[PDB]
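Single chain ahead, by itself, as structure tokens, in the form deposited in one PDB entry.
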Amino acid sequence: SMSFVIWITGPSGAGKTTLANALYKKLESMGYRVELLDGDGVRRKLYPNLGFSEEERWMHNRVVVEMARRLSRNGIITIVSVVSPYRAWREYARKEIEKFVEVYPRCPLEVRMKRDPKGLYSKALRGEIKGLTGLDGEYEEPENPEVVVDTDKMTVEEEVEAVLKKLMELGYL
């Protein structure tokens, strides 16, 4: 009766939202009920003035964790796509969420700067925003997440299949 949470962490431009949306389309095509919690989407719904200092990011992460916890424990698959740049926060999330599936889209900096349709890295290079996660903002890489995908070497389709494969191995699907 307890479902699972796919927690996709990574720096800006790693491909988190893309993978989250592809997974949603696939799982709902199979007849599953799914909720998407995207960092940018949740911020602009709930607190669009919230900034990106550490305490602010932490409060926002705590909100997303509790949202996933409540949905998951009631049978609802939840897909989270938030930067979540610190190891300690993802360990907190793993403790709050029983069936926790950490997904890390790994992508080199030089590719991430060329995969920036919103222009965050461009703004950052011009000093217009500071501490962008992935450039001058720190990102603590996961050591052994349930799934690592190299978004510079895999297609979105292969990323989806790799997550689904691990989900079946866990017995969650």
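Whichever C-alpha set is largest while still superposing within 1.5 Å between the two forms counts as the rigid core. Heads up: residue numbers just count along the shown sequence, starting at 1.
One more form of this protein, deposited in another entry, exists but is not displayed; see below.
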**Message:** Please name the one residue from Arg33, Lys130, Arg62, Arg44 with a C-alpha displacement of 2 Å or more between this form and the one not shown, using the rigid core for the superposition.
**Reply:** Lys130
**Asked** Once you line up the core, how about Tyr121: does its CA shift reach 2 Å between this form and the one not shown?
**Response** yes
**Request:** Compare the CA separation of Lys123 and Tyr86 in the other form with the one in the displayed structure, and answer closer or farther (the difference is at least 3 Å).
**Result:** closer
**Request:** Over in the other structure, so in the other form, do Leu132 and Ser84 pull closer or drift farther apart at the C-alpha level? The difference is 3 angstroms or more.
**Result:** farther
